[PDB]
Every structure is written in C-alpha cells, then in structure tokens.
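Here is the structure we will look at, set down as structure tokens.
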Amino acid sequence: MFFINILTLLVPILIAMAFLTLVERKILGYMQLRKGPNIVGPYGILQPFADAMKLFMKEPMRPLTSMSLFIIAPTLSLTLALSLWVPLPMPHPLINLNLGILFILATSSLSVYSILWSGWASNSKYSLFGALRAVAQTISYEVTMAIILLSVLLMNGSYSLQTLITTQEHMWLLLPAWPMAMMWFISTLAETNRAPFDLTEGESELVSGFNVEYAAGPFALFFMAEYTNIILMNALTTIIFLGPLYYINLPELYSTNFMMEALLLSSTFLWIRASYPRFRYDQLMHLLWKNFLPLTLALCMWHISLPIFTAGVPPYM
Amino acid sequence: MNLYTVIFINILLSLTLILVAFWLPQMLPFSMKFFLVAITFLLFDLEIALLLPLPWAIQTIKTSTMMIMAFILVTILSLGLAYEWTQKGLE
Amino acid sequence: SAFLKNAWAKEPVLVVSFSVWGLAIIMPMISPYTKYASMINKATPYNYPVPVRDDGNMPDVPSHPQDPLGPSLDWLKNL
Amino acid sequence: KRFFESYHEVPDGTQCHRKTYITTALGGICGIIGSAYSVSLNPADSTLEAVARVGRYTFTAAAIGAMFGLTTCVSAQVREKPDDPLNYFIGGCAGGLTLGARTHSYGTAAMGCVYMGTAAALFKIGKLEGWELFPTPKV
Amino acid sequence: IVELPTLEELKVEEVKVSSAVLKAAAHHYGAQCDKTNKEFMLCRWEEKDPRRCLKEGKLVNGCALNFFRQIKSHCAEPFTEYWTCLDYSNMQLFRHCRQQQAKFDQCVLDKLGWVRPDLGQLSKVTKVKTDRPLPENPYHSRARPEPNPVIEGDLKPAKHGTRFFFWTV
Amino acid sequence: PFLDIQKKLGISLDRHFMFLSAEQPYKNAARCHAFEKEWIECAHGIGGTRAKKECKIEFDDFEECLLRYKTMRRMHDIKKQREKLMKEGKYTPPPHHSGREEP
Amino acid sequence: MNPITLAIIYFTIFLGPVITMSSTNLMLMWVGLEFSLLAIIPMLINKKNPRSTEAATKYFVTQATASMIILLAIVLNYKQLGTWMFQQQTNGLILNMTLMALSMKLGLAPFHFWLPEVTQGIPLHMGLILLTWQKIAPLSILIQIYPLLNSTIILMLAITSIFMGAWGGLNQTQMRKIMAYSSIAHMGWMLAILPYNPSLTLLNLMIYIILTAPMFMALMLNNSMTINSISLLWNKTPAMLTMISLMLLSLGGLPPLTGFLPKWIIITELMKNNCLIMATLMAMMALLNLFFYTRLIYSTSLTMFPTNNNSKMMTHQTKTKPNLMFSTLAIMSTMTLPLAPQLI
Amino acid sequence: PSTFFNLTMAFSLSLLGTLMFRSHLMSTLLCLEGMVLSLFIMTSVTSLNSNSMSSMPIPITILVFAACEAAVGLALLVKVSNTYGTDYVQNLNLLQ
Amino acid sequence: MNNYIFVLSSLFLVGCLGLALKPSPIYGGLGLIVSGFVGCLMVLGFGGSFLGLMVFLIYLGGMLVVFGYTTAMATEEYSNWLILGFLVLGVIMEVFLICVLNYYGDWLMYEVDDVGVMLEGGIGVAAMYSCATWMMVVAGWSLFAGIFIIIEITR
Amino acid sequence: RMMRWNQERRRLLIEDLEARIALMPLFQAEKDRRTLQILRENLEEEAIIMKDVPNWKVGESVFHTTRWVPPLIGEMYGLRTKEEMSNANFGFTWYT
Ligand SMILES: CCCCCCCCCCCCCCCCCC(=O)OC[C@H](COP(=O)(O)OCCN)OC(=O)CCCCCCCCCCCCCCCCC
C-alpha cells in the first residue's frame, strides 16, 4: 500500500501543480479584461500539458558552464519541493516526522543552493547578479520566516505539524497571532519569489537571472518546483494559521476544508502579483531587516511571556 | 526507511525528468554592504538556534529562570541589531 | 511626548515593537497566574513516583493514593 | 626502538658492525628531519632540486653517523680500552671531519672536530656516570 | 559466572492483553492493585538487581490477572465497548471516548464497588512497608581507602628562618 | 583551579556537571552511573598519586562500563568460534534465538 | 573606536583569560581561550595598515587551529573518561596534544614563527597585551595540568625555545621583534619548570611581566621600533637611559638585578630534580640573550649615537610623561633581589 | 567504536589540510570548519551513547563559539581581498 | 544493515578528504555540505534529533551559505580533476586500511530505557536554561561581542 | 481561549501520564522477566558455542564487580536474529 500512498500525494499534487499555472493565466486574465487561454482543449484544461510537451521537446541548450552543477540545481529544486510535501499534516500525514516543522524549515533552506549554484554555473553576468540578489533575499526572509514559526510552536507545544490540529480545535491561530500571519504571508510571498517580491527573475529589471540560460527541461523542473512550492507554502499557512475543521470520525472534512483555504490563499498570491508593482532589492531587504525583524523579535518575547503569565503552557504530549 | 523510500522516489522522479529532457530532444561584485548583512545573518541564525530549544524549556519547572534567560537572549540580540542601525552599519 | 506622538505616526513599528517588549516584561511580574506555570508544569507526572518505605511516623499518602493524605490538584481542577 | 638501544647493550668496541649501522641510521634519520625543515622553510626551486637537498643532507648526516660509529668502535678495539671516553672523542673527531669534507671546508672541520667530538665524549661520560637526561620530576 | 535465573524460575501467567485494554482500565488497576506493585518497586529500587525482586514480580502479575477476572465476570460488556472505541484512536486518547467511559465507570462502581480515581491521587508518592529487609551495601559497594593522616599542632615561627641561600632572615 | 574564585564565592557555575553521575535532567540517570560513584567516593581524600594504584579496581571496571571493550571482545570471540562450529555444522541458532515470548 | 566597542572588546580580552583561570570544566577553559582569540583580533588591526591585516590573519589562523586542537583533546578525554577534565588516567597522547596546542598559542619553540611576525606588525601597546596578558591564559591551563604532562617534551620545547629565541634575537634590529624573541626565550624557561615546580613558573612569569611592561612603555615613550630610534634616547629623554640599561640587563640573567632570581631558582629546582644536563645547556645559551641585550645597551646608553637637528625641536616641547607604572615597575624589577626569599 | 576513528581521522585529514595552505584563504577557512563539524559530531555521538544529557549543552556551545570564530576569520579574509584583490596567501608576506 | 553506520562514517571521511584537498572554495563549501548532511544523519542514527537538525539549519544552512556568498566575492579564479584523482587514490587507501583490519553494527544504541517518557534529545540541552545556566550566558556574550568585533574589523 | 484550552489540554496530559504511572508496574515486571530470559537463553547457546574453545569460561562479567549491570542492547539481541537486533537498534528512528 505505502507505495500507492506515494503516488497519491505526488501525482495528485503534480496534476494540481499543472492546473495552478492555468488558474494563474486565467485569473490574471479576467482581472486584466481578457479571457486567458481557453482555445486549446475545453476552457484551457489541456493548456498546461501542451507547453510541458513543447518545453521538453525543445533543445536543452548547454552554454559554453559547469555542467554538473548546472544540471544538478534543477534536480535539487524539484527534489526538495516534492519532499517538503511528505510530512504535511493533512489528516494522517504521510510521515509523522516528530520534528516536522524543523524538517520543513530545513528543506526550505536548502533550496537556496539551487538558485545560487544555478547562477554561478550559468556563467552569465545577468545570472550571477540574479543569484547574489536571490541568495540574500532568500536567506534574510528565512531569518524572520524561522522566528515567526518559533513563536507559533511555543504556543503549540511541539515541532510536529500534527499537534496543531489539536491546538486549533476551538479557534484558528490567526485570531491569536494574526500579526504574524500577515508576516508569514508576506514571507511566504518572498520565499516563493512571487510578485511583490520577485527580484530574482524581475525580467524587466534584470532578465530572469535564475534561468537566463536554462531552457526546455531544466526550465521546467524549477518551474514545476516553484509552483508546487507556491502551493506548499500556502498549504502551511492553511495548517499553521488557518486551522481547517477536523473530526476523527470523519477525517475527510479536514482535507476538503484544507482544500478550500489552500486554493483561496493560493488564489491570493496570484491576485497579489497582478495587483502590485515589484519592490526594489534594497527596499525588500529593508522591510525584513528593518520593517519586520524588529516586529518579529518583540512578539517572540510576548509569546514567551504569554503562556507563563497566563499559565498557558501547552501540553507536550 | 519509510522516509528513505519516499525520498529516493523523489530524486528518481527528478533525475528521470532531467534525463528525459536531454535524451528526448534528439530529433567582480563589491557587495561589502551585503557582506555585513550576511555576517549578521550567520549570527542571527545562531541565536535562533539558541532560541529553538524554548519549546521544551517552556516546560522547565524553573519557569522564571527560563523567562529571564530567554528574555535576555532576545533582548541582547535585539540590541545588536539596533546597534547596526545606531552605528548605521547596515544602512 | 511630542516626538512620541509623531513616532506613533512616523516609524510606527518601533513604537509598537518596544511597547510589546515592555508589556511582556511586565505582565509576567503582575499576574494572578504566573505562579501556576511553575506548578502546572511541576505537577505533570512525567517520571514514576517511587514509593517510600513505611518505616513509621509517616504523614505521607497512606498507601492507596486514593487515601485523603497527600498533595492535591483541585487547584488545577476548577482552575 | 629496541634496535637503536641495542647499540648500548653490547660492550663498546665490540660488534662494530651493529654500532656503525645504528649510528648511520640515526644520522640519516636526522638527515631526513633536517632536510625536511630545510625544505619546508627556505623551499627549493624545483621538486628535483629539493629531492637532491634531502639526499645531500641525508647522506652527509649518514656519513657523520658512520664514521663516528666506525671510528669510536675501532679506536676502542685497537686501544683495547672500551670505556675510555677518548675513544668517542676520536670518533666525534672523525665525524666532524666528514661534515667538514661534505661542506668542503677545512675550517668547519676544525670547529666540527672539536665541538662534535667533545659532545660525543660527553655522551660516553654520561653513560659511564649514569647522567640522566630529560628526567621525570622526582623533586 | 552470571547467575542468570532459570526459566522455570521466571515463568508465570501473563496478562497479554492489548495495550489499549490496559489504558482503558489503567486508572482502575492503579486503584485496585497498587499495594504489591509499590512494594515491588521499593525492592527493585533499593535492591538494584532484578534477580533480587523476581518473586515479587510474580506477585505483581498475580494481582492484576484476577483484577481482570473480576471485570470479565462483571461489567465485561461495558469494558468491551470502552476499549474498542479507545483502541480505534491512534494515540488511544481518553477524551474521544467519554460516553463509553462513563457507562464502564458507573457500572463497576455499582457492582464491583471500585472507583475511578479522581484527577490525580495516583501520581502522589505511596508508603508501602515491604517486610523484606531494607538492603544495604548495594552494588556490592565494598571498601574505601584511608584518608591521608593529618599534620597536627600549632604554627611556630619557622625554624632558623627562610633557609634560602645566605639569608639570615 | 588556578584561581578558585568559585569556591571562594561559593558559586558553583562549573562544577555541578563535570561527571556522568552528576544530576541528570528529570532525574534520568546516565549510563555507567553505577561505577563512577564508586570510583570517586573512593578517590576522595586520597590524592591522585594514590588514586591511581589502589583505586584501580574501580577504574578498571569503570573503564569497562563505558568503553565496554572486554565485552565486545568476549562477544566477538563467541561470534567467530560460533562461526567455526557452524562451519563444522555443529551449531545453528535454536528457536531460542527465534521464538514467541512473554509480554 | 566607539568607546562602547572599546569596552566590550577590552572586557572580552579580560574576561577571556579570567574565565580560563577560574573554571575547572575544561570546556569553560576552552571558551576562555576562544574569547581571548576573538577580542585581540580587532585591536590588532587598529591602524588597519597593510602590515596589520597580515598580522591579524596570521595570528588568527595560528590561534584558531591550536584552539581546535585543544578542543579535540577535551573531546577525546570525554570518551576516555566521562569527565570533562584531564585526570591521572588520561591517555598520554591526549595530554601531549594539549602541550603542543597550548605551546602554539603561547608560541613556544618550533611554533615560534607567528609571534615574532605578529609582534612586528602590531602597535607597541597591543604588543604588550599580545605578549603578556595573553600568555596568562594558556599557561594557567598548563599549570593546572602539570602533574600529568610529559617531562620530556616540555624540556625539548623549553630548550628549543631558549635557543630559537636567543638566536633569532641576535640578528634582529627591530625592537618589537627583539622583544618577541625574548618572550619566546623567557617563555621557555617558564615551561621548563612546569613539570617540576609550577609555583616557579608563576614567578618566572610575573618577573617577565614586571620586566617587559616597563621595557615596552619605554620603547613607546619615544615610540622607537628601531635600535637606531632608541639610541637617540639620550636627546629625546635622558633619564630613562639609566633604567632602560638595567631593565634590559635584568631581562637577561646578570646577578645583582632581579632578573637573576627566576633563572637561579629554576636552575636550583632542576638540579634538585637532577636535570643538570638540560639546566646547564639552557643557562649557557641564556648567556647569548644578554649579548644582544648589551648590544642594544651599547647603542642606547654606553655610546651616544649621532642625532638629528630636528630633534632639538622635540626637546623644546614638553615631553608627555611616562605613566607612574613605569617607575613602580622599573624599580620593583631592577632591584628586588635583596628580597628574593619571600618572592619564591 | 570505529565510527569514532573515522571521525577522528576526518579531523586529522582536516588537520593536514589547515596546515598545508594551497593559495586560497577561503578554502582554509573552509577546512578549519570541517574540523568543527567533526568535533561537533564526535562530541554529540559520545554524549548520545553515554546518555549524558547534562553535557548536550556543549555540542552546541562548540558550534556557537565556532560560528563567530569563523565570522572573525571571514572578515579578515574580506579585509585581505580589499587590500590585495585576492585571498591568496602569498600576498601575506610583508611581515618577513 | 548494521554496516549503515560505518558506511556513513566513511562518506563523512571522504567528504572531509575533499575539503582537505582544498578544491575551489565553492567546491569546498559543497563538499562540506555533503559531509554536514552525513553528520546529521549519523547523529540521528544514534537517536539525537534536535542535535542533528542543528547542524543542518546551521551548517547545511547559512554556515556554508555565507561561505558561498563570501566566495563569490573573494574567490574569482575557478586541476580539480587531478584533485578528484587523488581523492580516488585516498578512497582506495582508506578502503585498503579497513581491509587491513578486515583480515584480522554490532553494538550501537548501547543502552536504552525501553520505557521512558521525558527522555529525548534536546531536553538535556534545554537545561541550558536551568542547571547549566553558565553555558548560555557566555555564548550570548560571545555573540554580543562578535557583533562589535566584526563591525570594527570591517570598518 | 488559548489560555483555557491549553489548561484543559494540560489536565488531559496529567491524566494519561498518570495512567501509565499506574500501568508501568505491570510492564516493569514484564520487561525484567523477559530481559532475563533473553540473557539466559543466550547463556544456553553460550554454553553450546565456545565449549570447544580452551580456557573458555562459559561466561564472565567483563567487569570485576558483582553488581547487576543491565544488558546492553547488543548483548540481548547480538546472538539473536539480525532483524531482531536491527529492529531494536533502528526500530524507533524509523516510525511505526
Ligand atoms: C499586545 C501583544 C502583542 C501583539 C501586538 C499587536 C499590535 C498590533 C499589530 C501591529 C502590527 C500589525 C501588522 C503586522 C504586519 C505589518 C508589519 C509592518 O510594520 O509592515 C511593514 C511593511 C510596511 O512598511 P512601509 O509601508 O514600508 O513603512 C514602514 C514604516 N515603519 O509592510 C509591507 O510593506 C507589506 C507589503 C506587502 C505586499 C503584498 C501585500 C499583500 C496584501 C494582501 C495579503 C495580506 C496578508 C494576508 C494574510 C492572510 C493570513 C495569513
């Protein structure tokens, strides 16, 4: 069985990953007074499969670049994204990593290597700058990203994502800790290099440094990775802060509710992209080492004291 | 093992895709300012590592101590950050 | 005070930032519950309570813990 | 190590073969170490040049080792005196002379003879009088 | 040698019921049968060796089996319903099943006369006077060395003074 | 140590945790706790020069609880020769090695 | 330096040795060593001259690898004895590592190459701290573990240092490096008696500190890093010529002055312990150290080197005075010998 | 067991590295770190199989001090390729 | 597979071998990353979780990340193949040495408390806040000073 | 709400910890009983494995003390099936 449970939890996500690009190229469209892709297939449903096949068929250009690293970075990217979905605590999570959140944090950090190495391997000036810019923003947003989680955990009692289903049986962790949700949402927008924070492949400012030289199959794999992440991080928002209803008798309700909230917050970063111009590099980092990091540090204290002075220490189960 | 099984499928799925990609289509910066930020990162990362143990410290019978200790950790590092600002190091 | 005001309206994060820093440095000191944390966590029975030799003159819980003598957590109950 | 020590076990002036062999090794060992420091610092120009210097120092040192061993042992047999420190001095005397030659300098042979021989003689006395070097703390 | 006890010495009837069964009756077993257990604990602690409390362990087991035989005889059905629901949960959490727990608890109070121990009152340390001899010299402690002797007396100005090279001092 | 500002001040910031038998968190004794005690209550009042010869039984044992090398050795021998007995078909694991058992 | 930073650093450079000395848990002794390494590096590059960056980058790599080796010894011990501290039972190789490592941080013998070079590129002031308040820490660790270390190695590092220090000094003309070389030598005597009578190490150090601290504040009074520079002392400030003369001969072992006592009692203790081989050779080349000390004497005092007209200008202006410490540490050093019995 | 001899030799192989520069300061600062990892792994390993929980603080104190140690090391490195345009050690030969 | 542990140790050794060969600073950083990964694996193998994570979120995290960053800046110029060759040379020699003792996972998890409820890695290190309160004060001072040391050394 | 919920959650936690507190006595006996069996069973095979070996005390405490030193995991399952040993060794790290 366990193998079947690996197909499910993977394929299903990959098929959904494909349908996100479509729901991105249509929701951005209707917001901009245009139908979006509806001519290939019925209502554009076959559109994601179509360019996948074009991308893989087109020549994988190997610039005259460190081959090993050039090819590895894509592999790492996809590997990490698909891996980060293993311990997610949808009911009866695939793998009850006791320290799951730490695992999520860890793999999320490793991704940075891909962009960095890709730029270095590409050997193009645009790519180099992209990597440097990317690593800096990525790691920095990791520093507030991690502290925001530590505040959460201390009110959950453990690192296991499964505990929050029992922590959020009466109220979402948004009510409490909303100030961090916002700061988790903005950090989730940075770490998936989505729009407001997409200086990694600004295209206009610098031309897609990450994949300047990447085309065809390598382009696709990161590509796939980004979008799967886009979902995963949104899904982590939908477990950590927006806690879906859960009933031991009926475990499905959780998944269904998890679906609805994940799709809406996934819809939100699509909506954010069309709605906002892109932050500058300096502006981006300032916001995090300056506008947020002081906010995130202080609340950490408040969340350390809160349990004690409220004698609300959580069970360690 | 269960994790090992999942992960190797994960790498296999990727490596399969890159290969298909290649096999199917047969037919000097001066980031000094950054440098500084990077170092602070290293430092802050380490603090965070010293703040990670809290989830179990919250359980310490010596709750007060934990509070004082923890509060100090965050506060002291906060000061370090502020200094960066005061000395205008980061700016 | 005046700067405080503008600070509340300009650079209104630090203000909030510090305010919290303090409020977390105060609530613990004044709280009808602060004491409970060290108790509630103290009480949790993680390790087995090894028995004691009933040598004599023992005011401890008399054998069956259901006996009246001994510590109680009714404070935890109805808390 | 049981080896080097053997030099001392058999009475001096006897079994010169083993004496000379042992003495030659010690010199050679010192040669290697000495060349090593000489190559690590004050490096050479080409690997070969340095391999040569190792050889030069090793052989020179091995030679001083041999003649010391040979002269002292033989001086003993001939003189029919096995514990006369002078034996060693003659040996050290010779050893210095080899060094002098390998450095192509009569003067060095002078200092070499006196200084080196004296040192060796003192070794003999040291052994004869049971002098202790690098002693354990016994306060 | 090792003086490992023989099998016949360590063969005794076994409880062998699913852990779930125990957790459901845990509270009551902590109630009806802690006399012998506490004593066994005392032995196993002060006397470090296990061989030194094996027999007590046999007594430990005997006390529970009948505990079960009583419940099997009376209010078996309630208990059966309570454990089955308790077992389904992955961490066999007690709160998912409270309706089944109430009927199981009320009945045995009604028939067996036992009582579910109120929150706590099981964690509290117990006093059991094991008639076994409180052991000594455990860990075959053996022997200790003699403290260096003590120089005794009172100080008197040093003799002839600092005796350093030519210093009348 | 060189300057005992700790004993003098009475503080114990560095002594409470220097050996395995010291207080363990949540009173969970560490391994080997049965010997180090026996090997330091022995060498207490007797200086080292004489904690090194007569209190050698307790270190030779504590050197074996921790390292646990003599055991490794004995067992390894048992393994090797058992291989030789199996080699001579003399021995093969019984159901003792593989069988059902008490809780 | 923002005076706040100056405080944090200086506190660390001072908390560094003090934690080492006070603690018994070796680990805490290691971090005391680590804090000293971190605190000293900022001060070393204060001028930020091209020579300085070289100095610090060497000092740091030499200090860092030695620090890692000391930690490895503590980590290994932890497995050979659960204790976090060296004991009678400690494997001999475990202790020898600590000797080599600690002899690198202190810079003794075949690891004496970093010190002369870092002493050359750092200011005279930070030179003193790098020579004397950074030797206290490692030596403390050794003195604590003396009962266990090897008599053979120490002696070899001791003798080597004496020789290297002496020979190196003979050629040097830069003062900073003459002192660096002397320190290597004195450091050698200190480590020679450690296995036998640690209490004398603490005398051969204090006296070295009470001798070197006045000597350096003398070199900087006129900030002369050259002998030629110190030779014109007679014009810049004539009085210090008298005591500079005695302190340098005191640094070497000449008998009336305080400097003889450390060598005399170390020789007495080594002969008491029977090293009359080792002690003799050490004392003999110790005499080489005085030769280069007296060569400086010649240039600075006994003979008057020619000076520059522009010097008359520096005379006119009032000379900023030497701190009081100079005097109190010059006299207690040049002449306390009549009070030796109590000192030991 | 043997696990420890591999880690120990790893530290010696890292030792041989830091003591034999190859024209790259960065690489060295990177080797130096290889030790700290080996020390951290060995300290954690024995603490874990001695069940000595009172000592786990150390495995981390080792890393915290080692990180800053490295921070200082890299700032010196950046200082060097600001004064000489390279991290190459040969450049560091002015103090002769 | 009892050999699991030995296998890991070997990988770690090999990785440190590469770092020892001192390849391009970036190659070195990569190698260490692999070793650090091996390291957390081994620690976890014994049972320590929090401990294993740390090296990951610290070494496999920024520790090499900044190195990486750093190198980009100060390491510009790319025999690595020859280095790779020597690496294989070392590998076989390494293997040869183990084969030496070959002619001449038995005991891990040496001792365990089968029933236990508050034993787990991290709890012990959590005692930095209680009964080990001098480790973390000195570490905090280390960081608070290091801020200042780096800001002037860069200044 | 969070304050009240965790206070309730804490009450449930103390309840089930105490539930084992009550049940461990039954398990402790069980463990020891079974543990000894494994040691003894290994004794039988022990008394049949190195019998031929000269100078072979069937078994003897690696130590001198007669104190009861608990059996390492290896000792208990070392001679036994590989899987058995592996299970114990790598059987928790690998979840259910
Ligand atoms: C008392 C106990 C302790 C608790 C105390 C609580 C006090 C009240 C709460 C205070 C803080 C509330 C807000 C927290 C998040 C915002 C933090 C912040 O300060 O914003 C920084 C930045 C705006 O900064 P800027 O305009 O540049 O000016 C800075 C002036 N100092 O922000 C930005 O620029 C963000 C840019 C975002 C671009 C994309 C925007 C997307 C908007 C739609 C999504 C919003 C988030 C949705 C989250 C859903 C749930 C996860």
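To be explicit about the labels: the chains of the structure tokens are called A, B, and onward in the order shown, and within each one the residues are counted from 1, while ligands get numbers from 1 in the order they are shown.
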Neighbours of residue 128 of chain G within 10 Å (only C-alpha atoms; same-chain residues fewer than 4 positions away dropped), as a PDB file with N, CA, C and O atoms, in the first residue's frame?
```pdb
ATOM      1  N   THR G 119      54.280  40.262  16.412  1.00  0.00           N
ATOM      2  CA  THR G 119      54.744  41.339  17.273  1.00  0.00           C
ATOM      3  C   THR G 119      55.268  42.473  16.388  1.00  0.00           C
ATOM      4  O   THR G 119      55.337  43.607  16.842  1.00  0.00           O
ATOM      5  N   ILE G 122      52.026  44.840  14.933  1.00  0.00           N
ATOM      6  CA  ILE G 122      51.067  45.463  15.814  1.00  0.00           C
ATOM      7  C   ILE G 122      51.707  46.624  16.552  1.00  0.00           C
ATOM      8  O   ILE G 122      52.919  46.671  16.704  1.00  0.00           O
ATOM      9  N   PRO G 123      50.893  47.565  17.018  1.00  0.00           N
ATOM     10  CA  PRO G 123      51.417  48.717  17.750  1.00  0.00           C
ATOM     11  C   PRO G 123      52.221  48.299  18.973  1.00  0.00           C
ATOM     12  O   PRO G 123      52.104  47.172  19.432  1.00  0.00           O
ATOM     13  N   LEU G 124      53.022  49.190  19.530  1.00  0.00           N
ATOM     14  CA  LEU G 124      53.742  48.823  20.736  1.00  0.00           C
ATOM     15  C   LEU G 124      52.764  48.462  21.840  1.00  0.00           C
ATOM     16  O   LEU G 124      52.984  47.505  22.577  1.00  0.00           O
ATOM     17  N   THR G 132      52.020  39.667  27.019  1.00  0.00           N
ATOM     18  CA  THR G 132      51.844  39.323  28.453  1.00  0.00           C
ATOM     19  C   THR G 132      50.446  39.043  29.093  1.00  0.00           C
ATOM     20  O   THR G 132      50.340  38.397  30.151  1.00  0.00           O
ATOM     21  N   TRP G 133      49.370  39.530  28.517  1.00  0.00           N
ATOM     22  CA  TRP G 133      48.074  39.224  29.107  1.00  0.00           C
ATOM     23  C   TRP G 133      47.408  38.180  28.270  1.00  0.00           C
ATOM     24  O   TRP G 133      46.235  37.891  28.431  1.00  0.00           O
ATOM     25  N   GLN G 134      48.161  37.603  27.361  1.00  0.00           N
ATOM     26  CA  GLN G 134      47.609  36.557  26.548  1.00  0.00           C
ATOM     27  C   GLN G 134      48.421  35.319  26.792  1.00  0.00           C
ATOM     28  O   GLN G 134      48.139  34.265  26.238  1.00  0.00           O
ATOM     29  N   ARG G 176      60.480  45.631  18.292  1.00  0.00           N
ATOM     30  CA  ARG G 176      59.310  44.834  18.543  1.00  0.00           C
ATOM     31  C   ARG G 176      59.685  43.375  18.409  1.00  0.00           C
ATOM     32  O   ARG G 176      59.255  42.555  19.200  1.00  0.00           O
ATOM     33  N   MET G 179      61.883  41.935  21.237  1.00  0.00           N
ATOM     34  CA  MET G 179      61.099  41.589  22.404  1.00  0.00           C
ATOM     35  C   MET G 179      60.326  40.327  22.168  1.00  0.00           C
ATOM     36  O   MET G 179      60.154  39.527  23.069  1.00  0.00           O
ATOM     37  N   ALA G 180      59.845  40.142  20.956  1.00  0.00           N
ATOM     38  CA  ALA G 180      59.089  38.957  20.647  1.00  0.00           C
ATOM     39  C   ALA G 180      59.985  37.800  20.848  1.00  0.00           C
ATOM     40  O   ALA G 180      59.572  36.770  21.348  1.00  0.00           O
ATOM     41  N   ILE G 209      56.730  39.763  33.239  1.00  0.00           N
ATOM     42  CA  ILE G 209      55.723  40.853  33.067  1.00  0.00           C
ATOM     43  C   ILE G 209      56.212  42.159  33.699  1.00  0.00           C
ATOM     44  O   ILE G 209      56.101  43.204  33.043  1.00  0.00           O
ATOM     45  N   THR G 212      59.082  43.211  31.192  1.00  0.00           N
ATOM     46  CA  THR G 212      58.659  43.603  29.821  1.00  0.00           C
ATOM     47  C   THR G 212      57.708  44.802  29.801  1.00  0.00           C
ATOM     48  O   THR G 212      57.833  45.629  28.892  1.00  0.00           O
ATOM     49  N   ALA G 213      56.804  44.903  30.778  1.00  0.00           N
ATOM     50  CA  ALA G 213      55.817  46.006  30.723  1.00  0.00           C
ATOM     51  C   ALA G 213      56.563  47.335  30.821  1.00  0.00           C
ATOM     52  O   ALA G 213      56.281  48.200  29.985  1.00  0.00           O
ATOM     53  N   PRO G 214      57.520  47.549  31.750  1.00  0.00           N
ATOM     54  CA  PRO G 214      58.297  48.784  31.759  1.00  0.00           C
ATOM     55  C   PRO G 214      59.105  48.907  30.464  1.00  0.00           C
ATOM     56  O   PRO G 214      59.176  49.987  29.929  1.00  0.00           O
ATOM     57  N   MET G 215      59.696  47.809  30.000  1.00  0.00           N
ATOM     58  CA  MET G 215      60.553  47.919  28.797  1.00  0.00           C
ATOM     59  C   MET G 215      59.787  48.447  27.585  1.00  0.00           C
ATOM     60  O   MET G 215      60.275  49.393  26.968  1.00  0.00           O
ATOM     61  N   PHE G 216      58.598  47.905  27.314  1.00  0.00           N
ATOM     62  CA  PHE G 216      57.767  48.416  26.192  1.00  0.00           C
ATOM     63  C   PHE G 216      57.205  49.839  26.302  1.00  0.00           C
ATOM     64  O   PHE G 216      57.206  50.580  25.307  1.00  0.00           O
ATOM     65  N   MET G 217      56.787  50.208  27.513  1.00  0.00           N
ATOM     66  CA  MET G 217      56.276  51.587  27.746  1.00  0.00           C
ATOM     67  C   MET G 217      57.499  52.557  27.605  1.00  0.00           C
ATOM     68  O   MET G 217      57.345  53.784  27.481  1.00  0.00           O
TER      69      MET G 217
END
```
Can you pull out the residues contacting segment 99-109 of chain G? Cut-off 10 Å, using only C-alpha atoms, and skip same-chain residues under 5 positions away; I want them as an MDAnalysis selection string. chainID G and resid 33 37 59 62:71 73 93:94 114:116 130:132 134:139 141:142 145 149:150 153:154 156:165 180 183:188 191
Could you give me, as a tab-separated table, a per-residue list for chain J showing, wherever an atom lies at most 10 Å from an atom of chain B, the closest pair of atoms and their distance in Å to one decimal, using only C-alpha atoms and sorting by chain then residue number from low to high?
```
residue	atom	partner	partner_atom	distance
J:90	CA	B:1	CA	9.3
J:91	CA	B:1	CA	9.6
J:93	CA	B:1	CA	8.9
J:94	CA	B:1	CA	6.1
J:95	CA	B:2	CA	7.8
J:96	CA	B:2	CA	9.4
```
Around ligand 1, at most 8 Å away and counting only C-alpha atoms and all ligand atoms, which residues are there? Put them as a PyMOL selection string, please. (chain A and resi 174+177-186+189+196-197+237+241-242+265+268-269+272+276+283+287+291-292+295+299+302-303) or (chain C and resi 10-14+16-17+19-20+23-24)
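Taking atom CA of residue 278 of chain A and atom CA of residue 21 of chain A as endpoints, the distance between them is 20.0 Å.
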Could you please select, counting only C-alpha atoms, the residues of chain G within 12 Å of chain B and state them as an NGL selection string? :G and (1-2 or 4-5)
